[PDB]
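Visitor: For reference, this is structure.txt, and it has compact mmCIF, C-alpha atoms.
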# COMPACT_ATOMS: atom_id res chain seq x y z
CA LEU A 435 25.80 9.40 -24.45
CA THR A 436 24.67 7.96 -27.81
CA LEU A 437 21.26 6.23 -28.09
CA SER A 438 23.21 3.01 -28.98
CA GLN A 439 25.14 3.14 -25.64
CA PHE A 440 21.88 3.73 -23.67
CA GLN A 441 20.06 0.87 -25.53
CA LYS A 442 22.88 -1.59 -24.61
CA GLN A 443 23.12 -0.24 -21.01
CA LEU A 444 19.44 -1.11 -20.32
CA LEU A 445 19.33 -4.44 -22.27
CA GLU A 446 22.77 -5.98 -21.38
CA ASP A 447 24.43 -4.06 -18.48
CA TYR A 448 21.34 -3.78 -16.17
CA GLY A 449 18.86 -6.29 -17.73
CA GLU A 450 15.75 -8.21 -16.55
CA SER A 451 17.30 -8.83 -13.07
CA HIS A 452 17.63 -5.05 -12.37
CA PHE A 453 14.10 -4.05 -13.54
CA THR A 454 12.52 -6.87 -11.33
CA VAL A 455 10.71 -8.18 -14.45
CA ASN A 456 8.48 -10.75 -12.64
CA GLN A 457 6.83 -7.85 -10.64
CA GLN A 458 6.99 -4.76 -12.97
CA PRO A 459 6.94 -6.30 -16.52
CA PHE A 460 5.29 -3.26 -18.21
CA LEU A 461 8.08 -1.02 -16.77
CA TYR A 462 10.80 -3.11 -18.53
CA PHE A 463 8.64 -3.15 -21.72
CA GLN A 464 8.39 0.69 -21.38
CA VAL A 465 12.22 0.98 -20.82
CA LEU A 466 12.88 -1.04 -24.04
CA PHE A 467 10.06 0.53 -26.18
CA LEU A 468 10.88 4.21 -25.27
CA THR A 469 14.54 3.39 -26.21
CA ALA A 470 13.15 2.05 -29.56
CA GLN A 471 14.35 -1.57 -28.86
CA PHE A 472 10.97 -2.80 -30.24
CA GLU A 473 12.19 -6.31 -31.28
CA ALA A 474 13.74 -6.95 -27.82
CA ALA A 475 10.60 -5.48 -26.14
CA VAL A 476 8.38 -7.97 -28.12
CA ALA A 477 10.80 -10.91 -27.48
CA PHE A 478 10.53 -10.01 -23.77
CA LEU A 479 6.71 -9.47 -23.65
CA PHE A 480 6.00 -12.72 -25.63
CA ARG A 481 7.73 -14.84 -22.89
CA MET A 482 5.01 -13.88 -20.34
CA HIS B 146 -49.13 -25.88 -24.65
CA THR B 147 -51.86 -28.60 -24.79
CA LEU B 148 -53.82 -26.35 -27.26
CA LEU B 149 -50.81 -25.99 -29.65
CA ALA B 150 -50.08 -29.75 -29.21
CA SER B 151 -53.65 -30.26 -30.58
CA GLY B 152 -53.30 -27.58 -33.29
CA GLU B 153 -51.38 -28.57 -36.51
CA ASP B 154 -54.52 -30.05 -38.22
CA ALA B 155 -57.24 -27.56 -37.08
CA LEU B 156 -56.17 -24.62 -34.73
CA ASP B 157 -53.92 -22.78 -37.29
CA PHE B 158 -50.57 -21.88 -35.66
CA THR B 159 -47.16 -21.41 -37.38
CA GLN B 160 -45.09 -24.30 -35.91
CA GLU B 161 -44.11 -27.03 -38.45
CA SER B 162 -42.83 -28.88 -35.32
CA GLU B 163 -41.02 -27.16 -32.39
CA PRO B 164 -37.56 -25.46 -32.99
CA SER B 165 -34.36 -27.23 -34.22
CA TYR B 166 -32.53 -26.72 -30.82
CA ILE B 167 -30.16 -23.66 -30.44
CA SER B 168 -28.73 -23.23 -33.99
CA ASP B 169 -27.47 -19.66 -34.75
CA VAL B 170 -23.62 -19.50 -34.83
CA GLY B 171 -21.46 -21.05 -37.61
CA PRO B 172 -19.16 -23.94 -36.47
CA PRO B 173 -16.87 -22.59 -33.62
CA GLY B 174 -14.22 -25.44 -33.91
CA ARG B 175 -14.47 -25.83 -30.02
CA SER B 176 -12.24 -22.63 -29.79
CA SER B 177 -9.11 -22.11 -27.56
CA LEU B 178 -8.86 -18.33 -28.21
CA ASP B 179 -9.88 -16.47 -24.99
CA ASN B 180 -12.07 -13.29 -24.84
CA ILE B 181 -9.04 -10.97 -25.48
CA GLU B 182 -7.41 -13.11 -28.23
CA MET B 183 -10.89 -13.46 -29.89
CA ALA B 184 -11.39 -9.64 -29.72
CA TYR B 185 -7.92 -9.20 -31.33
CA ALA B 186 -8.61 -11.97 -33.94
CA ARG B 187 -11.89 -10.14 -34.84
CA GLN B 188 -9.90 -6.89 -35.37
CA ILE B 189 -7.41 -8.83 -37.59
CA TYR B 190 -10.45 -10.18 -39.56
CA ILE B 191 -11.61 -6.50 -39.87
CA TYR B 192 -8.03 -5.62 -41.06
CA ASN B 193 -7.53 -8.47 -43.62
CA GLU B 194 -11.06 -8.06 -45.16
CA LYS B 195 -10.23 -4.40 -46.07
CA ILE B 196 -6.98 -5.45 -47.84
CA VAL B 197 -8.80 -8.38 -49.61
CA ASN B 198 -11.63 -6.03 -50.80
CA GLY B 199 -9.05 -3.41 -52.06
CA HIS B 200 -9.94 -0.68 -49.50
CA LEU B 201 -7.60 1.96 -48.00
CA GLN B 202 -5.20 0.17 -45.58
CA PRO B 203 -6.53 1.07 -42.05
CA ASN B 204 -4.45 2.05 -39.00
CA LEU B 205 -3.71 -1.28 -37.25
CA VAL B 206 -2.66 0.69 -34.08
CA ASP B 207 -6.27 1.90 -33.48
CA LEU B 208 -7.80 -1.52 -34.38
CA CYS B 209 -5.49 -3.16 -31.76
CA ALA B 210 -5.74 -0.34 -29.12
CA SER B 211 -9.59 -0.70 -29.09
CA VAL B 212 -9.05 -4.20 -27.53
CA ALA B 213 -7.28 -2.40 -24.60
CA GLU B 214 -10.27 0.00 -24.04
CA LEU B 215 -11.90 -2.99 -22.19
CA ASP B 216 -10.24 -4.37 -18.97
CA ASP B 217 -6.57 -3.64 -18.10
CA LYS B 218 -5.57 0.06 -17.74
CA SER B 219 -1.84 -0.93 -17.84
CA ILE B 220 -2.43 -2.51 -21.32
CA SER B 221 -4.36 0.71 -22.33
CA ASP B 222 -1.33 2.90 -21.37
CA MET B 223 1.01 0.32 -23.02
CA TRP B 224 -0.99 0.80 -26.30
CA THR B 225 -0.96 4.62 -25.81
CA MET B 226 2.87 4.39 -25.53
CA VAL B 227 3.05 2.08 -28.63
CA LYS B 228 0.91 4.66 -30.54
CA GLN B 229 3.13 7.63 -29.52
CA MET B 230 6.25 5.56 -30.51
CA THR B 231 4.74 4.59 -33.96
CA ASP B 232 3.60 8.19 -34.79
CA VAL B 233 6.67 8.67 -37.08
CA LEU B 234 6.86 10.40 -40.51
CA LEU B 235 8.81 7.48 -42.08
CA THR B 236 10.45 8.02 -45.49
CA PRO B 237 8.87 5.28 -47.77
CA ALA B 238 12.09 3.26 -48.27
CA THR B 239 12.14 -0.46 -49.28
CA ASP B 240 14.34 -1.23 -46.20
CA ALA B 241 13.46 -1.27 -42.46
CA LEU B 242 17.17 -1.52 -41.38
CA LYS B 243 17.94 1.73 -43.30
CA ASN B 244 14.93 3.54 -41.72
CA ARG B 245 15.79 2.17 -38.18
CA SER B 246 19.48 3.25 -38.72
CA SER B 247 18.62 6.80 -40.05
CA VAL B 248 19.82 9.72 -37.83
CA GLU B 249 16.53 11.55 -38.51
CA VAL B 250 14.23 8.60 -37.54
CA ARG B 251 16.38 7.89 -34.40
CA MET B 252 15.98 11.58 -33.45
CA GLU B 253 12.18 11.13 -34.05
CA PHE B 254 11.97 8.04 -31.76
CA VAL B 255 13.70 10.08 -28.97
CA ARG B 256 11.55 13.21 -29.72
CA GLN B 257 8.36 11.07 -29.32
CA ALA B 258 9.78 9.18 -26.26
CA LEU B 259 10.47 12.57 -24.57
CA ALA B 260 6.95 13.82 -25.55
CA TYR B 261 5.38 10.64 -24.02
CA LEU B 262 7.46 10.96 -20.78
CA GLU B 263 6.60 14.72 -20.57
CA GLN B 264 2.82 14.21 -21.04
CA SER B 265 3.05 11.26 -18.55
CA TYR B 266 4.52 13.67 -15.94
CA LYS B 267 1.89 16.30 -17.02
CA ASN B 268 -0.89 13.74 -16.25
CA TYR B 269 0.86 12.87 -12.91
CA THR B 270 1.22 16.61 -11.94
CA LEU B 271 -2.47 17.25 -12.91
CA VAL B 272 -3.71 14.25 -10.81
CA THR B 273 -1.39 15.22 -7.89
CA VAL B 274 -2.77 18.83 -7.94
CA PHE B 275 -6.49 17.95 -8.41
CA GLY B 276 -6.26 15.32 -5.59
CA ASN B 277 -4.82 18.00 -3.18
CA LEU B 278 -6.47 21.34 -4.29
CA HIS B 279 -6.50 22.82 -0.71
CA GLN B 280 -2.67 22.47 -0.54
CA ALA B 281 -2.20 23.18 -4.27
CA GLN B 282 -4.00 26.62 -4.28
CA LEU B 283 -4.52 26.28 -8.08
CA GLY B 284 -6.86 29.31 -8.54
CA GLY B 285 -8.47 30.45 -11.84
CA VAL B 286 -5.43 30.63 -14.25
CA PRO B 287 -4.93 27.77 -16.81
CA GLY B 288 -1.32 26.94 -17.85
CA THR B 289 1.69 24.68 -17.03
CA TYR B 290 3.40 27.48 -14.99
CA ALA C 2 -22.44 -30.85 -37.38
CA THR C 3 -22.54 -27.29 -35.82
CA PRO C 4 -23.07 -25.12 -33.64
CA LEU C 5 -22.86 -26.71 -30.15
CA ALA C 6 -19.12 -26.64 -29.10
CA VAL C 7 -19.50 -23.12 -27.45
CA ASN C 8 -20.69 -23.65 -23.80
CA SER C 9 -17.97 -26.37 -23.22
CA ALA C 10 -15.66 -24.06 -21.12
CA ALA C 11 -18.39 -23.12 -18.49
CA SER C 12 -19.12 -26.38 -16.51
CA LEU C 13 -16.71 -26.10 -13.51
CA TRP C 14 -16.64 -29.80 -12.35
CA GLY C 15 -17.72 -32.47 -14.91
CA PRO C 16 -14.87 -31.89 -17.46
CA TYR C 17 -12.28 -31.91 -14.61
CA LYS C 18 -13.38 -35.30 -13.16
CA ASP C 19 -13.58 -36.54 -16.82
CA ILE C 20 -9.83 -35.67 -17.06
CA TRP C 21 -8.94 -37.07 -13.58
CA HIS C 22 -10.58 -40.54 -13.91
CA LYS C 23 -9.09 -40.97 -17.47
CA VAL C 24 -5.61 -39.83 -16.24
CA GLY C 25 -6.09 -42.46 -13.45
CA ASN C 26 -6.98 -45.28 -15.91
CA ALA C 27 -4.16 -44.26 -18.36
CA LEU C 28 -1.43 -43.94 -15.64
CA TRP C 29 -2.16 -45.88 -12.39
CA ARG C 30 -4.10 -48.70 -14.19
CA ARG C 31 -1.76 -48.42 -17.29
CA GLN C 32 -4.82 -49.03 -19.58
CA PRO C 33 -3.89 -48.93 -23.35
CA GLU C 34 -7.30 -47.75 -24.74
CA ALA C 35 -7.04 -44.77 -22.32
CA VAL C 36 -3.70 -43.62 -23.97
CA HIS C 37 -5.62 -43.01 -27.25
CA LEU C 38 -8.06 -40.86 -25.18
CA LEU C 39 -5.42 -39.10 -22.97
CA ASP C 40 -3.54 -37.59 -26.00
CA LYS C 41 -6.84 -36.01 -27.24
CA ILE C 42 -8.00 -34.90 -23.73
CA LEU C 43 -4.59 -33.27 -22.95
CA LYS C 44 -4.66 -31.51 -26.40
CA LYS C 45 -8.24 -30.30 -25.53
CA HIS C 46 -7.59 -29.15 -21.90
CA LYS C 47 -4.04 -27.66 -22.29
CA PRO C 48 -5.54 -24.09 -21.79
CA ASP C 49 -7.04 -25.22 -18.42
CA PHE C 50 -3.65 -26.57 -17.22
CA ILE C 51 -1.89 -23.40 -18.60
CA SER C 52 -4.19 -21.35 -16.25
CA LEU C 53 -4.74 -23.63 -13.20
CA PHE C 54 -7.95 -22.96 -11.16
CA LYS C 55 -8.82 -19.81 -13.27
CA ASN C 56 -12.57 -19.06 -13.51
CA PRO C 57 -14.43 -18.40 -16.80
CA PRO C 58 -15.17 -14.61 -16.39
CA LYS C 59 -18.50 -12.73 -15.97
CA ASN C 60 -20.26 -11.55 -19.13
CA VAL C 61 -23.34 -9.30 -19.71
CA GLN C 62 -24.33 -11.66 -22.61
CA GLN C 63 -24.60 -14.50 -20.03
CA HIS C 64 -26.01 -12.20 -17.25
CA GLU C 65 -28.99 -11.18 -19.49
CA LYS C 66 -29.85 -14.82 -20.33
CA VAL C 67 -29.60 -15.98 -16.67
CA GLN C 68 -31.81 -13.05 -15.49
CA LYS C 69 -34.22 -13.86 -18.43
CA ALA C 70 -33.99 -17.67 -17.86
CA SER C 71 -37.61 -17.59 -16.50
CA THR C 72 -38.97 -16.15 -19.85
CA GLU C 73 -36.38 -16.52 -22.72
CA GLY C 74 -34.77 -19.67 -21.14
CA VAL C 75 -31.22 -21.16 -21.35
CA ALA C 76 -29.77 -23.86 -23.65
CA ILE C 77 -27.63 -26.44 -21.75
CA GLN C 78 -25.18 -29.04 -23.18
CA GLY C 79 -26.80 -32.51 -23.44
CA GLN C 80 -30.35 -30.95 -23.41
CA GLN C 81 -32.41 -30.34 -26.61
CA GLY C 82 -33.95 -26.81 -26.49
CA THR C 83 -34.06 -24.20 -23.69
CA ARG C 84 -34.72 -25.04 -20.01
CA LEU C 85 -36.77 -22.46 -18.10
CA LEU C 86 -34.97 -21.77 -14.78
CA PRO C 87 -36.87 -20.94 -11.51
CA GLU C 88 -36.21 -17.52 -9.85
CA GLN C 89 -34.53 -19.52 -7.02
CA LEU C 90 -31.85 -21.13 -9.28
CA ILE C 91 -31.41 -17.74 -11.10
CA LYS C 92 -30.75 -15.96 -7.72
CA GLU C 93 -28.54 -18.86 -6.47
CA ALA C 94 -26.52 -18.49 -9.74
CA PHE C 95 -25.95 -14.74 -9.08
CA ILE C 96 -24.91 -15.60 -5.45
CA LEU C 97 -22.35 -18.23 -6.70
CA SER C 98 -21.25 -15.74 -9.45
CA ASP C 99 -20.23 -13.09 -6.82
CA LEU C 100 -19.13 -15.65 -4.12
CA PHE C 101 -16.46 -17.25 -6.43
CA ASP C 102 -16.04 -14.64 -9.27
CA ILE C 103 -17.35 -17.16 -11.89
CA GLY C 104 -19.26 -16.39 -15.13
CA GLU C 105 -23.08 -16.40 -14.91
CA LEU C 106 -23.52 -19.45 -17.24
CA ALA C 107 -20.75 -21.29 -15.30
CA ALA C 108 -22.71 -20.63 -12.06
CA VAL C 109 -25.83 -22.14 -13.80
CA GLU C 110 -23.95 -25.21 -15.22
CA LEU C 111 -22.32 -25.69 -11.73
CA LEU C 112 -25.79 -25.43 -10.02
Take the structure in the file and give it back as structure tokens.

Guide:
Amino acid sequence: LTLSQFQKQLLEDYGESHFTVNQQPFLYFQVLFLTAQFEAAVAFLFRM
Amino acid sequence: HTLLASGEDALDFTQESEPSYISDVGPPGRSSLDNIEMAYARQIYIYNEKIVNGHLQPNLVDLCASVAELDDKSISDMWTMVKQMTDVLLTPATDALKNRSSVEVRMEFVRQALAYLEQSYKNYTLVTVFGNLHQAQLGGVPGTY
Amino acid sequence: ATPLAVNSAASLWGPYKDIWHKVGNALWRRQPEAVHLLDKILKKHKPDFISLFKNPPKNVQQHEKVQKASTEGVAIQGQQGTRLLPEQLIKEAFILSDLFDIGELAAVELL
């Protein structure tokens, strides 16, 4: 596992429909921010 | 009231007419910022003024996190996580893509993410034990073991 | 020309019928003068539509002034000065505050 594979796996291969984003939004923000995907985490959080 | 309203010529009281109606704040523009966006905008005012007056650049993490010490605990822990993930000894390069692509800084993001997740589970194990002390049998010995 | 545009998010009825009647004249009566009011009213009340039925929240810096409204008084939009409020209206405002979860000045402007 590289960090780059894990970043993609959360953002593209599981995504907002796995992390039930409309019920646990801070958990998907946490998943992206703790994987250092800060730009994607902001471009998620700013939709809500 | 009738004695003051007979007073300007001969009673001696300090009212050159009654007050100007409520007139304290400078013009609020009718304002569409809410309580939280106004508290943030005030912390950005407190940030920009220090740069404009040539002061030491303050930590913007603590100026923003002190707007989450108010209402929503999940926004307080979100700012605690953002703080732990911005606590990084960044080499002062002219390029954010080089720093975000460094092996060393990508190790540091994972080292801090693991430290956050470990202290999260340390808080959860503390609260689980202190909520159940009669089952837990904690005794008088401090330490993670 | 300032300050007075500060209370204008507390009155929980008047501004909403002011929208509804002018939406009625601009749409169902097709009235052209009302279009040049509708644009400005929609630009003003877009926050209200973005959070449908949401109360203005409770605030210690309203709570003080409502509890003190018998001695320090309260300034009200359209009225020049401070109105002194009876203990009855003050206690009715705290009842409506906790009955609906509305801000203490919004309970006064609604009463």

Visitor: Tell me which protein, DNA and RNA residues are within 12 Å of residue 441 in chain A, counting all atoms listed in the file, leaving out same-chain ones fewer than 2 positions away, and put them as a list in words.

Guide: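 So the residues in contact are residues 435, 436, 437, 438, 439, 443, 444, 445, 446, 447, 448, 449, 465, 466, 467, 468, 469, 470, 471, 472, 474 and 475 of chain A; 251 and 255 of chain B.
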
Visitor: Given the point (-33.0, -27.8, -28.2) in the file's coordinates, find the residues that have an atom at most 12 Å from it, counting only C-alpha atoms, and give them as a CSV table (one decimal) with C-alpha atoms, in the coordinates of the input.

Guide:
chain,number,residue,atom,x,y,z
B,163,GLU,CA,-41.0,-27.2,-32.4
B,164,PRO,CA,-37.6,-25.5,-33.0
B,165,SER,CA,-34.4,-27.2,-34.2
B,166,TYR,CA,-32.5,-26.7,-30.8
B,167,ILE,CA,-30.2,-23.7,-30.4
B,168,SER,CA,-28.7,-23.2,-34.0
B,169,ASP,CA,-27.5,-19.7,-34.8
C,4,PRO,CA,-23.1,-25.1,-33.6
C,5,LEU,CA,-22.9,-26.7,-30.2
C,74,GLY,CA,-34.8,-19.7,-21.1
C,75,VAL,CA,-31.2,-21.2,-21.4
C,76,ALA,CA,-29.8,-23.9,-23.6
C,77,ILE,CA,-27.6,-26.4,-21.8
C,78,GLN,CA,-25.2,-29.0,-23.2
C,79,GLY,CA,-26.8,-32.5,-23.4
C,80,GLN,CA,-30.4,-31.0,-23.4
C,81,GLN,CA,-32.4,-30.3,-26.6
C,82,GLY,CA,-34.0,-26.8,-26.5
C,83,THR,CA,-34.1,-24.2,-23.7
C,84,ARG,CA,-34.7,-25.0,-20.0

Visitor: Per residue of chain B within 12 Å of chain A, note the shortest atom pair and the distance in Å to one decimal, counting all atoms listed in the file, and order the rows by chain and increasing residue number, as a tab-separated table.

Guide:
residue	atom	partner	partner_atom	distance
B:217	CA	A:460	CA	11.9
B:218	CA	A:460	CA	11.4
B:219	CA	A:460	CA	7.5
B:220	CA	A:460	CA	8.4
B:221	CA	A:460	CA	11.2
B:222	CA	A:460	CA	9.6
B:223	CA	A:460	CA	7.4
B:224	CA	A:464	CA	10.6
B:225	CA	A:464	CA	11.1
B:226	CA	A:464	CA	7.8
B:227	CA	A:467	CA	7.6
B:228	CA	A:467	CA	10.9
B:229	CA	A:468	CA	9.5
B:230	CA	A:468	CA	7.1
B:231	CA	A:470	CA	9.8
B:233	CA	A:470	CA	11.9
B:245	CA	A:470	CA	9.0
B:246	CA	A:438	CA	10.4
B:248	CA	A:437	CA	10.4
B:250	CA	A:470	CA	10.4
B:251	CA	A:437	CA	8.1
B:252	CA	A:437	CA	9.2
B:253	CA	A:470	CA	10.2
B:254	CA	A:470	CA	6.5
B:255	CA	A:469	CA	7.3
B:256	CA	A:468	CA	10.1
B:257	CA	A:468	CA	8.4
B:258	CA	A:468	CA	5.2
B:259	CA	A:468	CA	8.4
B:260	CA	A:468	CA	10.4
B:261	CA	A:468	CA	8.6
B:262	CA	A:468	CA	8.8

Visitor: Name all residues at most 9 Å from range 453-459 of chain A (count only C-alpha atoms; drop same-chain ones fewer than 6 positions away) and give them as an MDAnalysis selection string.

Guide: chainID A and resid 478:479 482

Visitor: Would you mind listing what lies within 9 Å of range 12-28 of chain C as an MDAnalysis selection string, with all atoms listed in the file counted and same-chain residues fewer than 2 positions away left out?

Guide: chainID C and resid 8:10 30:36 38:39 42:43 46 56:57 106:111

Visitor: How far is it from CA of residue 71 in chain C to CA of residue 87 in chain C, in Å with one decimal?

Guide: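 Going from CA of residue 71 in chain C over to CA of residue 87 in chain C, I get 6.1 Å.
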
Visitor: Nearest residue to residue 89 in chain C out of C:73, C:11, C:68, C:103, using all atoms listed in the file?

Guide: C:68

Visitor: Suppose you want the space between CA of residue 162 in chain B and CA of residue 86 in chain C; what is it in Å?

Guide: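 CA of residue 162 in chain B sits 23.1 Å away from CA of residue 86 in chain C.
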
Visitor: Looking at B:179, B:263, B:154, B:207, which one is nearest to chain C, with distances taken over all atoms listed in the file?

Guide: B:179

Visitor: For residue 63 in chain C, please output as a PyMOL selection string all residues within 8 Å (counting all atoms listed in the file; exclusion window: fewer than 4 positions along the same chain).

Guide: chain C and resi 59+67+104-106

Visitor: Residues within 12 Å of residue 283 in chain B, please, as a list in words. Count only C-alpha atoms; anything in the same chain fewer than 6 positions from it doesn't count.

Guide: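 The residues that qualify are residues 270, 271, 273, 274, 275, 276, 277, 289 and 290 of chain B.
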
Visitor: Around the point (-9.6, -4.9, -27.7) (coordinates from the file), which residues reach within 12 Å if we count all atoms listed in the file? Answer as a list in words.

Guide: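 Residues with an atom at most 12 Å from (-9.6, -4.9, -27.7): residues 179, 180, 181, 182, 183, 184, 185, 186, 187, 188, 189, 205, 206, 207, 208, 209, 210, 211, 212, 213, 214, 215, 216, 217, 218, 220, 221 and 224 of chain B.
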
Visitor: With only C-alpha atoms as the basis for distance, which of C:88, C:49, C:99, C:65 is at the shortest distance from chain B?

Guide: C:49

Visitor: Please compute the CA of residue 66 in chain C-CA of residue 174 in chain B distance, one decimal, in Å.

Guide: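 Taking CA of residue 66 in chain C and CA of residue 174 in chain B, their separation equals 23.3 Å.
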